[PDB]
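model this:
(chains A and B, ligands or ions: 2)
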2 protein chains.
Amino acid sequence: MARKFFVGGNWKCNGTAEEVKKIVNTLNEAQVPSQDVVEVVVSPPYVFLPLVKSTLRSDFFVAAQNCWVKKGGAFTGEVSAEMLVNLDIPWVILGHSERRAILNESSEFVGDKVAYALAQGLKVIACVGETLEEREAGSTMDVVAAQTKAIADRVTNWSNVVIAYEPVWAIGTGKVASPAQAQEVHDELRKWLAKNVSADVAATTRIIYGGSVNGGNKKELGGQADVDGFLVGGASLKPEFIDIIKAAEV
Amino acid sequence: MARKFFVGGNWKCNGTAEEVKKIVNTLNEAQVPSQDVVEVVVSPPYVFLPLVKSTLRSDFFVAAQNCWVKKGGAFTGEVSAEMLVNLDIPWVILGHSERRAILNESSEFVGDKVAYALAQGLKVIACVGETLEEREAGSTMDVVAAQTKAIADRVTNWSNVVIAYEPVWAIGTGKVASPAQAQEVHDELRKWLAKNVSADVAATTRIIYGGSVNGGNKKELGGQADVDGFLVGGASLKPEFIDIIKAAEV
Ligand code: NA
Ligand code: NA
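Residues are numbered from 1 along each chain as shown, chains lettered A, B, ... in the order given. Ligands and ions are numbered 1, 2, ... in the order given. Below you will find the coordinate block:
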């Protein structure tokens, strides 16, 4: 069965109570393709997770932007996966490029987070991606395979995993990734999954594009053979997020 | 005037909606010394900050357990100081030993957080403390002074700062640090403020003890000349937190 298009919206470290109410209302009024056609996840900061879950339309789902690597306890400042389950938050973003780079989350740390989140019943958007230095060194697939392998070695089930490829080398560097460049990485990543995990896992796992997506490139990006949707950054705070969801209609 | 006793309760990475309701109800029914005698702050995980703020007695105050180093934006998983202000959360804990050690927060990173939080109008519990290895090397005051200096170099107004000394070394040594051991560090820390900031800042800044506090030592610790209260860990989840608040009555 074909992979269901997936659109996640990462709000990052943004939001006020008034802004969140506006974003949620605009999402609630949106008219988008059916749940059979597209799966929509929105990810507010921790402090807004109960508010968004309590007010968002029930056919869009809520994600935390991170969670802790293991059971709760003496980890001041962290939020455990079981906390998210207690609050009926079904999804979590793990390994986002900003946490790998600015907060120095290693691939093994991320992989341990994915496994623990899955073991608590969460669904995971697992992020991978190479930097500009890594791409110019010709290490793109070496880096992305190593990041993916660290996850693969630690999980027991891929059913509730979505992989997000982030072309970090293009974000904020001035460079711009083409739909062909994105398809190139996605194809190779899915090929890695078929070889190293299983053909079934490669065929069924959504691999979403985490680079710059707008009205101009959304159709061409979403139509790529191995691109199954988007992990949206800043546009997820804006009405145009709805336009990006509408790319699922083909 | 004498420094007002200060009792902070750090819930760390603990709590369910059900357990939070029980904790808050027990706090709300507590009968403790007057607000002139003791200042009480409780610190839930991010996802419970709105819930606790909306239900807790107005004479106890709410703290976040961490916040981001600067303005919000592209920092997936982080919570900015201006978010805390937007949610009417007045306090934040910064530099907790678990974040310095496990999450590798540097003294300069902590210092920049303290300054940014103060600039946004938050009050700050700034945490310092040496490891077992550092204490056994003879570097207790070298370490505590260096951590404090990184904050002092970035802070111009200390009015809304409380310093918490955490004897991190006492977890490894399995030792109940004696009241004399707390007093000697607190005294040297206050003397450091007098010489490196000002006599007035030394005289007015609360320095609270972040080691293990129980019925056998709460009076003895609180009665020390340079100990102005407690930063409680796991006991803050339990009714015994109220007995620690009651140590302010002398
Ligand atoms: Na596609
Ligand atoms: Na005292």
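
contacting residues around residue A:248?
A:5, A:7, A:32-33, A:37-38, A:222, A:229 (C-beta atoms under 8 Å, 6 or more residues apart in numbering or on different chains). Where C-beta positions appear, they are placed from N, C-alpha and C, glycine not excepted.

again but with residue A:215, I slipped
A:240, A:243.

and if we set it to 10 Å?
Each residue near residue A:215 by C-beta atoms under 10 Å, 6 or more residues apart in numbering or on different chains is listed here: A:235, A:240, A:243-244, A:246-247.

for these, pick the one with the most neighbours.
Counting neighbours by other C-beta atoms under 10 Å in any protein chain shown, the top entry in the contacts of residue A:215 is residue A:244, with 25 neighbours.

quick check: that one touching residue A:222?
Yes - under the criterion of C-beta atoms under 10 Å, residue A:244 makes contact with residue A:222 at 9.0 Å.

what's the overlap in contacts for these two?
A:7, A:38, A:213, A:229-230.

now the two most distant members of the residues you listed.
Across these, no pair lies farther apart than A:38 and A:213, at 13.9 Å, counting by C-beta to C-beta.

pretty sure residue A:192 sits against residue A:205.
No - the pair residue A:192 and residue A:205 does not pass the contact test of C-beta under 10 Å, sitting 11.0 Å apart.

which one's more surrounded, those two?
Neighbours were counted for residue A:192 and for residue A:205 using other C-beta under 10 Å; residue A:205 has more, 20 against 17.

now do the contacts for the closest residue to residue A:182 other than its chain neighbours.
Leaving aside its sequence neighbours, residue A:182 sits nearest to residue A:209 (C-beta to C-beta, 6 or more residues apart in numbering or on different chains; 5.2 Å). Residue A:209 makes contact with A:164-167, A:177, A:179, A:182-183, A:185-186, A:217-218, A:221-222, A:224, A:226-232 under the criterion C-beta under 10 Å, 6+ apart.

could you pull up phi and psi at residue A:209?
phi -90, psi 130 (degrees, to the nearest 10).

that one and chain B: what is the separation?
Residue A:209 sits 16 Å away from chain B, going by C-beta to the nearest C-beta, to the nearest Å.

which residues does that residue bridge with?
Beta bridges link residue A:209 to residue A:165, residue A:230, judged by DSSP bridges.

from chain B, how far out is residue A:42?
Where chain B is concerned, residue A:42 sits at a distance of 13 Å (C-beta to the nearest C-beta).

wait, that residue sits on residue A:236?
Yes - if you go by C-beta under 10 Å, residue A:42 and residue A:236 touch, sitting 6.7 Å apart.

identify the contacts common to the two.
Between them, residue A:42 and residue A:236 share the contacting residues A:7-11, A:23, A:27, judged by C-beta under 10 Å, 6+ apart.

which residue ranges of chain A form strands?
Applying DSSP state E to chain A gives strands spanning A:5-10, A:38-43, A:61-64, A:91-94, A:123-128, A:161-165, A:207-209, A:229-232.

now render those as TSV, adding distance to residue B:93.
Output for the strands of chain A, formatted as TSV (distance: least, C-beta to C-beta, whole Å):
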stretch	distance to residue B:93
strand A:5-10	26
strand A:38-43	25
strand A:61-64	21
strand A:91-94	24
strand A:123-128	28
strand A:161-165	32
strand A:207-209	36
strand A:229-232	31
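
residue nearest the centroid of chain A?
residue A:125 (4.0 Å; C-alpha atoms, centre = their mean).

quick one: contacts for it?
Counting by C-beta under 10 Å, 6+ apart, residue A:125 has contacts A:6, A:8, A:10, A:41, A:43, A:63, A:65, A:91-96, A:114, A:161-164, A:206, A:208, A:210, A:231.

ok, now with 7 Å
Contacts for residue A:125 were tallied using C-beta atoms under 7 Å, 6 or more residues apart in numbering or on different chains; they are A:8, A:63, A:91, A:93, A:162, A:164, A:231.

skip the chain neighbours and tell me the closest residue to residue A:42.
residue A:9 (4.5 Å).

surely that neighbour touches residue A:234?
No - taking contacts as C-beta atoms under 7 Å, residue A:9 lies outside contact range of residue A:234: 9.7 Å.

in chain A, which helix is the longest?
helix A:179-196 (DSSP state H).

what about residue A:149, how many neighbours?
Neighbour count for residue A:149, taken as other C-beta under 10 Å: 15.

typed the wrong thing, it's residue A:111
Neighbourhood size, residue A:111 [other C-beta under 10 Å]: 23.

contacting residues around it?
Neighbouring residues of residue A:111 by C-beta under 7 Å, 6+ apart: A:150-151, A:153-154.

any of these buried? List them.
Buried by 16 or more other C-beta atoms under 10 Å in any protein chain shown: A:150-151, A:154, out of those.

and those as JSON lines, adding distance to residue B:71?
Below are these laid out as JSON lines (distance: C-beta to C-beta, whole Å):
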{"residue": "A:150", "distance to residue B:71": "32"}
{"residue": "A:151", "distance to residue B:71": "32"}
{"residue": "A:154", "distance to residue B:71": "35"}
